[PDB]
Asks: 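Please find one structure pasted underneath; my questions will follow.
One-based numbering, in listed order, for ligands and for the atoms of each. Positions are given from 1 along the sequence. The figures that follow rest on heavy atoms only: side chains count, while hydrogens, waters and symmetry mates do not.
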Amino acid sequence: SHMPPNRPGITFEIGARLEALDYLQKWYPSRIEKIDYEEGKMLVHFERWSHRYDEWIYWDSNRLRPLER
Ligand SMILES: CN1CC=C(c2ccc(O)cc2)CC1
C-alpha cells in the first residue's frame with residue numbers, strides 16, 4: 001500500500017476539498033470521504049447531496065480537478 005501520487009492543487013487526504021464530475025457529467029464542489037490505497041481510488045462526496053451519490057473515482061482520473069485558488 002502506497003500513497004496517492006501528487007497532483008496539482010489536490011491534497012489526497014480525508015476531508016480535502018476539490019471539484020468532481022458526477023455520473024451526470026456536471027462538476028460539483030466535493031470532498032474526499034474515503035481512500036482505497038490498494039485499488040488507487042477514493043470515495044468522493046458531492047457537497048450538499050446525499051451520500052447515496054458518493055462515487056469511487058480513481059486518483060488519477062480527469063473527473064477530478066482542484067479548486068481554483
Ligand atoms: C452529485 N450529483 C448531483 C446531482 C444529482 C442529480 C441531480 C438531478 C437529478 O434529477 C438526479 C440526480 C446527482 C448527484
Side-chain angles (χ1 to χ4, degrees), residues 1-37 40-58 60-68:
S1 154
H2 292 86
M3 299 171 66
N6 294 315
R7 290 181 59 178
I10 296 169
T11 307
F12 291 108
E13 300 168 8
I14 305 302
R17 298 182 74 237
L18 64 177
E19 288 164 0
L21 281 175
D22 74 353
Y23 72 103
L24 299 172
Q25 305 181 244
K26 293 187 180 185
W27 292 103
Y28 295 89
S30 296
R31 65 164 175 273
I32 298 176
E33 194 75 13
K34 293 198 67 214
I35 298 178
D36 186 334
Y37 296 97
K41 60 187 183 182
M42 58 202 33
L43 187 62
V44 174
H45 176 63
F46 302 91
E47 287 179 345
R48 306 184 182 165
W49 299 92
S50 172
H51 285 278
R52 289 192 219 249
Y53 289 118
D54 292 0
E55 290 192 64
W56 286 102
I57 298 177
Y58 293 96
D60 65 350
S61 172
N62 293 318
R63 295 174 60 193
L64 307 177
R65 73 188 183 188
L67 298 173
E68 288 192 303

Asks: Pull out every atom of ligand 1 sitting under 4.0 Å from any heavy atom of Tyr53, numbered as shown with elements.
Replies: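 Per the distance check, 12 (C), 13 (C), 14 (C).
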Asks: List the steps, then state whether side chain to side chain contact (heavy atoms under 4.5 Å, CB included) holds for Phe12 with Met3.
Replies: CA-CA 8 Å; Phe12 291 108; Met3 299 171 66; over 6 Å; no
Asks: A side-chain contact here means heavy atoms from C-beta on lying under 4.5 Å apart; do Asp22 and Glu55 qualify?
Replies: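 Answer yes - side chains close enough.
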Asks: Given the protein's heavy atoms, is any one of them under 4.0 Å from atom 10 (O) of ligand 1?
Replies: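 Given the 4.0 Å limit, the answer for atom 10 (O) of ligand 1 is no, no protein heavy atom qualifies.
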Asks: Considering only protein heavy atoms, which is closest to atom 6 (C) of ligand 1, and at what distance to one decimal place?
Replies: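 Answer for atom 6 (C) of ligand 1: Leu24 CD1, 3.8 Å.
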Asks: I'd like to check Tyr58 versus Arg63 (side-chain heavy atoms, cut-off strictly below 4.5 Å). Are they in contact?
Replies: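 Side chain of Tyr58 against side chain of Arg63, heavy atoms only: no contact under 4.5 Å found.
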Asks: How far does CD of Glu19 sit from OH of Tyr28, to the nearest 0.5 angstrom?
Replies: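 So the CD of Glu19 and the OH of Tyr28 are separated by 12.0 Å.
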Asks: For atom 3 (C) of ligand 1, what is the nearest protein heavy atom, given as residue, atom name and distance?
Replies: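 Heavy-atom neighbour on the protein nearest atom 3 (C) of ligand 1: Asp22 OD2, 3.3 Å.
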Asks: Return the CD to CZ distance between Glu33 and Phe46, rounded to the nearest 0.5 Å.
Replies: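 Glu33 atom CD to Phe46 atom CZ measures 11.5 Å (nearest 0.5 Å).
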Asks: Using a strict 4.0 Å cut-off to heavy atoms of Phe46, name the atoms of ligand 1 that fall inside it.
Replies: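 Atoms satisfying the 4.0 Å criterion: 1 (C).
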